[PDB]
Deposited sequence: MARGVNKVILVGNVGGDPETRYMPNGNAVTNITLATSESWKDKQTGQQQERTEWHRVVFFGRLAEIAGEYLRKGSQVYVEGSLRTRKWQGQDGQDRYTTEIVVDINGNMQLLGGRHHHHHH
């Protein structure tokens, strides 16, 4: 009927956080997060924070910061300037998730 959709990541922040405000005006910050698994492959994650965690992320995270993150997966549908249909899967960290500077 309904399910579980949970993501946990520990890794290093790719560049400085980009935080912006909606009209509301609630904070949304964006980062990319690198995790690596060795047998080396590194994996880049698009993490987006909302609400209090957005402000905290925006304030405290920097390029190279190590951080723990817990959220859920959302794939957004969007259009390129040729029309078409593109998709991006992100890790949404909001009130139902968590973040910890490490």
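Where C-alpha coordinates are absent, the deposited sequence of this PDB chain has the segments 1, 41-49, 113-121.
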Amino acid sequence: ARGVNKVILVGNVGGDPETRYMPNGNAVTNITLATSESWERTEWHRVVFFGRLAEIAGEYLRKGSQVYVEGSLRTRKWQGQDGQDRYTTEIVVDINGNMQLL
From here on, numbers count along this sequence of modelled residues.
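We call the rigid core whatever largest set of C-alpha positions still superposes within 1.5 Å between the two forms.
Taking 17-25 and 88-96 in turn, the stretch whose Cα atoms are more displaced from the shown form in 4 other deposited structures of this protein following rigid core superposition is 17-25. Each structure in 4 other deposited structures of this protein is fitted to the shown form on the rigid core, and of 30-38 and 62-70 the C-alphas lie farther away on average for 30-38. Not even a third of the other compared entries skip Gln79; each one keeps it along with the residues on either side.
When the C-alpha B-factors of 90-98 and 16-24 are averaged, 16-24 comes out higher. Just going by the entry, 61-69 versus 42-50 on mean CA temperature factor gives the higher value to 61-69.
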